[PDB]
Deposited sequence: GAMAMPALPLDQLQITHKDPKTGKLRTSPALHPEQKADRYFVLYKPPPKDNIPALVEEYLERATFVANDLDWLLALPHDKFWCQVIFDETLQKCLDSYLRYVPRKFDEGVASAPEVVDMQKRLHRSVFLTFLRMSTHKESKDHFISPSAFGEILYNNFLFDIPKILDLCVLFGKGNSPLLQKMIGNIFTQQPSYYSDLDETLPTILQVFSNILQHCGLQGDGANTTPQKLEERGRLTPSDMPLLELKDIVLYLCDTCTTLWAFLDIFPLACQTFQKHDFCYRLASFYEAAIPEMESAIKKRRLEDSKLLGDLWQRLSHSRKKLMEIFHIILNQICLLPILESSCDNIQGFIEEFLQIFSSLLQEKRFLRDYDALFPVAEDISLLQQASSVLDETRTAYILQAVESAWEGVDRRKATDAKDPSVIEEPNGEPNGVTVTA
């Protein structure tokens, strides 16, 4: 038979001369003594001296990771569990590696090739750790596996978000499997997500509070504020929206955790507060910097699109998808949740107009009307007359 790793025993010599004691497979000194250095991203322009510093550090990391992938199931898991340098190195890479949507220079092919090496190797390492059944002989007990995962800080919530925004465009179906597996084997990440949501939302208010939009004594609106402070604000916002959206694109089961914290309304009202002022400021000050302001405009429009996509992903997951499936005809609560969500943002006319332009409301209301045997126009009319007036305020 095949014995799972957590409970498998290997014989090893004890401190005492010439004495063998059977002991667990995983153990601190069965780990290898390979040191792991932290990752630092490349310089912003191809300054030769800085490039080679980055290259030195990066080759240490990549060689260590190549060897780590070469390792066997028993010794690889020993290393990942007991070597703190390894996990901190991977956290370093995930935290600091440049994202594609970032402001990017072309650099020497050496840095590009090396960066590709690191990208692939890091993804494969995280795949190995997300899998609890490497194959028939080499596997780990589900309950013990999730304990290991959560609790040698192998998977944070930040690291999961980083993983998605970094590897989700190309390798989605695999990363879906990974994330779903770690959440299945250790469900306390949900709680982690829960506890993290207040900080996430705090991010948004901070952005508002930094533009004086809403205890930060009156800061300057985007029209007045210094240019590269505004640049930082919209860069932060773009990174935040892209990361959240990528996470929910990989793992939509998280959405209810989000909506437990009134997320649909929070991002709708944030949209209403933030988007108009920043739009007008970018437009007005475009000629202060031709190229910078156009980039900021691209990022702002990207952020608005990603915000609305987040909104619709949550709406679908907790109302629309449950109605389409499992039609035993007890969908009133789902319907009522939909109606409540929209009643709470009737007044957010600018967000309503743009959101309706992208995911039309009438098409999702008809889903509820089709599914419910007994849904009168009374229950949705006002919502549509909100949408209508939201458009009618502007000349299109």
Where does the structure fail to cover the deposited sequence at the C-alpha level? 1-5, 220-230, 413-438
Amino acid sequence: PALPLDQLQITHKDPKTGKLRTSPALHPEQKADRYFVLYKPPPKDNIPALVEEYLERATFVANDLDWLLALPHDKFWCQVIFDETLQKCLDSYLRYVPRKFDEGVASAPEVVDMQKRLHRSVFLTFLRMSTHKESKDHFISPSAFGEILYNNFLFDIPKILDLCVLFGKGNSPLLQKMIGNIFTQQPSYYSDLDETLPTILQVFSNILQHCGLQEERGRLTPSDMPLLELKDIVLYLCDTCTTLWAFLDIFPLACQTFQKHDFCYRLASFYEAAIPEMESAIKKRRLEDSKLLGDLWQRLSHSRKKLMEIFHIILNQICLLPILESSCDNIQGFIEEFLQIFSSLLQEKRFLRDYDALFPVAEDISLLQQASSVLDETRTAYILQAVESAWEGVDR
From here on, numbers count along this sequence of modelled residues.
Give the stretch, out of 282-290 and 203-211, with the larger mean C-alpha temperature factor in the deposited entry. 282-290
Test of understanding: from the entry's C-alpha B-factors, which stretch has the higher mean, 326-334 or 353-361? 326-334
In terms of CA temperature factor as recorded, identify the highest of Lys260, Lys305, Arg128, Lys133. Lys133
Residue selected from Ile47, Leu339, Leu345, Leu65 by maximal Cα B factor: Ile47
Give the position of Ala32 by CA B-factor within its chain, expressed as the lowest, middle or highest third. highest
Quick check on the deposited entry: does the C-alpha B-factor of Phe139 sit in the lowest, middle or highest third of its chain? highest
Among modelled residues of the same chain, the CA temperature factor third for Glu272: lowest
Tertile call for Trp297 (CA temperature factor, within chain, third-based) is the middle
Just say lowest, middle or highest third for the CA B-factor of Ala371 relative to the other modelled residues in its chain. highest
